[PDB]
Amino acid sequence: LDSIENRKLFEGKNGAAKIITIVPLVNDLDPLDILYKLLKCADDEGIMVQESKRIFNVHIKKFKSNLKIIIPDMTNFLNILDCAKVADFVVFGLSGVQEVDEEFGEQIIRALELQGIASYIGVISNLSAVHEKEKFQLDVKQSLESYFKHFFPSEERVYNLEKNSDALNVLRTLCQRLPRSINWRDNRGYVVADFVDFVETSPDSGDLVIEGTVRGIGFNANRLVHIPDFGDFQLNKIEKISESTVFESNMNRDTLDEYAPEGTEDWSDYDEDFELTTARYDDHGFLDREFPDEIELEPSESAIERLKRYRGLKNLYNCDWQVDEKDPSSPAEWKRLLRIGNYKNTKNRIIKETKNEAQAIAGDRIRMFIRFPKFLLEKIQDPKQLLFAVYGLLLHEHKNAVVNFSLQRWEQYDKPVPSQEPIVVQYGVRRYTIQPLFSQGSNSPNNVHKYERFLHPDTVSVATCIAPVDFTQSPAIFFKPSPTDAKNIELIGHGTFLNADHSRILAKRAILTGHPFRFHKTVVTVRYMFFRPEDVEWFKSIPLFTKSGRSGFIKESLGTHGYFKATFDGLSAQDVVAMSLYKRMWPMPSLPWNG
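Shown next as structure tokens:
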């Protein structure tokens, strides 16, 4: 009972700011018409919009509450998403004449829902164009209502802005009804800039002043800040405006370092240094998919040199594979990454620390001085036209680490997706061009997982890469920018930022194909596997298997052309002799994404 009074206060007084985003899901639907029909309900004529251009601050006197209306750039799909993630309420605009495009309008409903929506409302301003008779118009309104309920059953009736009865009910909801909270946005800080100015300090960099009201967890002078399509930046000063305090950047401020100082690799020896006449074999445990992992050796090149970093495994679930081991293939950044022991506990601690050590709480008007470089000012667009939102970053969020994303294919995405090709990933407001190693999610004791070359279509897979830490487990949207597509991007998949564990070891499989030709009572001769007698001698330790379900071992080399004799438990001139080998796959560093 007490909690309801405290939660209302920030928005139910002369110092409130309610973010409302107008999202018309149809090509031939104007957002200004949707706004005019919504602002018509209030008796104050001086509220009405003509020629602020897209982002307006309107004070509705009928419900004694300030409203902040945002109109996105419909040419850019990502801008529509950007305006909605900052919104407290989203006004979806449906058309009576034109149907919602599956490739664009429908995809907006899909993408906004997957990145996180605070509150939604169905609205029709195009009902007049259908018919003159109310019997024909209501049949169209009911048809749109069934479509809107299919995406989310939270809304039962799609309000029509034509009738003053339904339009007054919408404004009453946008002004009085408390909006829902978005986990990642509200646990961070978020300020929608009303006015942006710049102060020169040096001929290279200065201070970018942002005036706005704090929403979410709040802001701290030491904590880093993030401007979308610009990057992460450090703060210098923050001024609090109160109706009848200044917080400065300390010695304990966060650094803009992506990786640890060059030399950190020399201060820790968690390395399994390994030194042989026979190839490596790990037998610690108890004993479509084959085709993509199959490999074929070249006759000129030796298999010892090619498959040097490969290990034979009796069982991948029980093998003693180790993290941080000595390997030349491993990235240089590996030791310079953020190593989090227990993500679950570090995530809760930083969140609790941020809320408790917050300087400018939600509802406070602030003047944010951001240490900004002068060269980036040419890309800054008017805050009244294009949404200028500043999202606060938690402790060590800038720092890169071995991050794990859960990812499921976007509905009706039959196209394949390989596990090394660059894909843009939007986790929260941040977006980076990620090269993700896919692996099927499993509860293995050794945390060793088989590296899948392509995204599995039946279930949800796990993408592993090197990217900065997200301490809010923000939902992730995976896309590839397409120029041929209506919306400048081609949405690949959706998911969530799982954790930041390096303990997840990924192993690439290599299956050697071999064909038997000669058959003695016990001695079976295979030929298409190796092409050197030395190569046969080296891989002798790794047991052989057959696609028919037989098991065996290499006896010795026959000729100088890699022919070999082998003994099996059960095969003919039609069976395929095979050998499975495994190598460690290291995560790949990712670059940021703007525009």
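Residues 67 to 117, 120 to 312, 335 to 365, 369 to 380, 479 to 761, 763 to 787 (PDB author numbering) make up the sequence shown, in order.
The beta carbon of each residue, even a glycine, is placed where N, CA and C say it ideally should be.
Query                                                                                                         : Result
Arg-500 in three-state terms, based on DSSP                                                                   : coil
For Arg-562 and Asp-275, believed in contact at Cβ under 8 Å, the rounded distance                            : 7 Å
Span of the beta strand (DSSP E), counted from its first residue to its last, around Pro-724                  : No beta strand (DSSP E) holds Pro-724; the alpha helix (DSSP H) holding it covers 724-729.
For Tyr-215, three-class secondary structure by DSSP                                                          : helix
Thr-655 versus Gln-617 - alpha carbon distance                                                                : 15 Å
Closest Cα partner of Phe-662 within the set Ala-179, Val-594, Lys-130 and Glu-492                            : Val-594
Three-state class that DSSP yields for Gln-603 in the structure shown                                         : coil
Beta-carbon gap between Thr-716 and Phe-708 smaller than 8 Å                                                  : yes
Between the CA atoms of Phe-301 and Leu-212 - distance to the nearest angstrom                                : 44 Å
Anticipated Cβ contact below 8 Å, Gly-164 with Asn-125, distance rounded                                      : Going by Cβ atoms, the distance from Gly-164 to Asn-125 rounds to 31 Å, so no, they are not a contact pair.
Where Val-158 sits in the DSSP three-state scheme                                                             : strand
Minimum length 3: unbroken beta strand (DSSP E) runs contained in the stretch 212-289                         : 257-260, 263-268 and 273-284
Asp-344 to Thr-269 span [Cα, whole Å]                                                                         : 21 Å
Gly-161 vs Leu-104 beta-carbon contact at 8 Å                                                                 : no
The stretch 581-592 contacting the stretch 738-752, beta-carbon criterion three pairs below 8 Å               : no
Residue from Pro-672, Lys-775 and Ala-551 with nearest C-alpha to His-640                                     : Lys-775
Member of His-199, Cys-151, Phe-172 and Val-208 whose CA lies at the smallest distance from the CA of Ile-185 : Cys-151
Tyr-102, enclosing alpha helix (DSSP H) - first and last residue                                              : 97-105
Distance, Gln-116 Cα to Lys-305 Cα                                                                            : 37 Å
Short Cβ contact (8 Å threshold) for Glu-355 with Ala-289                                                     : no
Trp-785 versus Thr-624: straight-line alpha-carbon distance, rounded                                          : 6 Å
Close Cβ partners of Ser-742 (< 6 Å) along its chain, the five nearest in sequence each way excluded          : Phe-736 and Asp-760
Range covered by the alpha helix (DSSP H) that runs through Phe-145                                           : 145-153
Residue range of the unbroken beta strand (DSSP E) whose run includes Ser-630                                 : 628-631
Residue range of the unbroken alpha helix (DSSP H) whose run includes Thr-737                                 : Element bounds for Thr-737: not the alpha helix (DSSP H) but the beta strand (DSSP E), 735-737.
Residue range of the alpha helix (DSSP H) that includes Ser-69                                                : 68-74
Segment limits, beta strand (DSSP E) that includes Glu-167                                                    : Neither: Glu-167 is in no beta strand (DSSP E) and is coded neither H nor E.
Nearest-angstrom beta carbon gap, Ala-551 and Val-238 [assumed within contact, 8 Å]                           : That pair is no contact at about 32 Å.
Cβ-Cβ distance between residue 853 and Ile-285 below 8 Å                                                      : Because the chain is modelled from 67 through 787, residue 853 falls outside the range shown and cannot be assessed.
Beta-carbon proximity list for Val-226, same chain, < 8 Å, skipping 5 on both sides                           : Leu-162, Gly-190, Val-191, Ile-192, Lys-209, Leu-212, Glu-213 and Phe-216
Beta-carbon proximity list for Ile-139, same chain, < 6 Å, skipping 5 on both sides                           : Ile-88, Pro-97 and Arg-122
Contact the stretch 357-364 vs the stretch 514-526: 3+ CB pairs below 8 Å                                     : yes
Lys-756 versus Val-714 - alpha carbon distance                                                                : 6 Å
Rounded Cβ spacing between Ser-652 and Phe-669 (contact assumed at less than 8 Å)                             : Not confirmed; about 11 Å, so no contact.
Classification of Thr-545 by the beta-carbon crowding that lies within 10 angstroms, buried from 16 upward    : buried
Three CB pairs or more closer than 8 Å across the stretch 685-695 and the stretch 528-543                     : yes
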